[PDB]
Each structure stands twice: as structure tokens, then as C-alpha cells.
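Below is one structure, written out as C-alpha cells, with a few remarks after it.
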Amino acid sequence: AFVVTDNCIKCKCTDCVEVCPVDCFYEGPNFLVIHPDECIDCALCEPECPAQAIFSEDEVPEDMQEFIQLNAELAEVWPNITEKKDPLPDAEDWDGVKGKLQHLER
Ligand code: SF4
Ligand code: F3S
């Protein structure tokens, strides 16, 4: 499965949803997650993230391993998103900044 990690938080560009064939992205107030049992590992979303927050599960950075289980869990409670929308208002302010996990809204 692929994994949305820290830099999506407070950016939420949603460009990634355009290319998923199986529609497995689920939407939070200020983050997206990939449903691990639905992702077919086509790797198509990851060139599309402007914030470069998507990784193959096995390539998720050591310091961002928490995101793997987070994606699994929130994928059960969040709504499915299928169309691209506007990025969060302050997206480019928050892009490239580290430790945005602290601001995750559920
Ligand atoms: S690897 Fe493919 S199936 Fe998975 S979330 Fe990405 S675009 Fe979708
Ligand atoms: S910022 Fe997030 S909404 Fe997608 S386009 Fe990137 S994983």
C-alpha cells in the first residue's frame, strides 16, 4: 500500500485523488489517508502529490513510520474523497515545514 505522511497535513492538495483507479483516499479536515486493503500499489498517486507526502509503505522514512498505522486506522472512519478540490487556504505556508502531525484534526 502507499502512505500519506507528514507534509500533507495542513496542505491537503488533493491532486493525488485524480489518478487513483480504485478510489481509496479518505478525507480528513486537514489530511488525506490511503486505505491499505484497497490500494493496489499502482504508484500513480505519488508523482502527483505537490507536497511529496506519499510513499510506498516499505519506503516510508524511519521517522515517519507512525503514518502507516495512522493511514490504516483513519481510513476506517473518514469519508471517501473522489474529486480534487482546492488546497487548504494556507497550503504553501505549511508545505516543507516538519512535525505537522501535532496539528492533525480528526
Ligand atoms: S498507489 Fe494507486 S491504488 Fe494506491 S492510493 Fe495510490 S493511486 Fe491509489
Ligand atoms: S498534499 Fe495530501 S491531499 Fe494528496 S495531493 Fe498530497 S497526499
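Here the Cβ positions follow ideal geometry from the backbone for every residue, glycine too, while neighbour counts run over all protein chains shown. Every number in this text was worked out from the coordinates using simple rules, so none of it is lab data.
The table that follows gives values for the structure above.
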quantity: From 41, 23, 95, 63, residue being of a type outside the set (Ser, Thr, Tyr) and within 13 Å of ligand 2 (Cβ to nearest atom); calculated: 95
quantity: Where a residue in the range 53-72 is in contact (Cβ under 8 Å) with a residue 12 or more places away in the chain and its partner, wherever it lies, is assigned to a helix (DSSP H, G or I) and of a type in the set (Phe, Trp, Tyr), with Cβ under 7 Å and at least six apart; calculated: 60/67
quantity: Residue check, residue 70 out of contact with any helix residue (DSSP H, G or I) (no Cβ under 7 Å at 6 or more places or on another chain), buried (at least 17 other Cβ atoms within 10 Å of the Cβ) and closer than 10 Å to residue 5 by Cα; calculated: yes
quantity: Among (1) in contact (Cβ under 8 Å) with a residue 40 or more places away in the chain; (2) of a type in the set (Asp, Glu); (3) surrounded by 14 or more Cβ atoms within 10 Å (Cβ to Cβ); (4) more than 14 Å from ligand 2 (Cβ to nearest atom) - the single one residue 46 does not satisfy; calculated: (4)
quantity: Criterion: out of contact with any helix residue (DSSP H, G or I) (no Cβ under 9 Å at 6 or more places or on another chain) and either hydroxyl-bearing (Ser, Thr, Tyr) or more than 16 Å from residue 8 (Cβ to Cβ) (or both) - qualifying residue of 91, 75, 43; calculated: 43
quantity: Contacts under 8 angstrom Cβ, first residue in the range 2-18 being in contact (Cβ under 8 Å) with a residue 12 or more places away in the chain and of a type in the set (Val, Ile, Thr), partner more than 15 Å from ligand 1 (Cβ to nearest atom) and not in a loop (DSSP other than H, G, I, E, B), 6 or more apart; calculated: 5/64; 9/94; 9/100; 9/101; 9/103
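For (1) within 12 Å of ligand 1 (Cβ to nearest atom); (2) surrounded by 14 or more Cβ atoms within 10 Å (Cβ to Cβ); (3) of a type in the set (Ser, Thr, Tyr), each residue gets a yes or a no:
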{"site": "5", "(1), (2), (3)": "no, yes, yes"}
{"site": "9", "(1), (2), (3)": "no, yes, no"}
{"site": "14", "(1), (2), (3)": "no, yes, yes"}
{"site": "20", "(1), (2), (3)": "yes, yes, no"}
{"site": "28", "(1), (2), (3)": "no, yes, no"}
{"site": "50", "(1), (2), (3)": "no, yes, no"}
{"site": "55", "(1), (2), (3)": "yes, yes, no"}
{"site": "64", "(1), (2), (3)": "no, yes, no"}
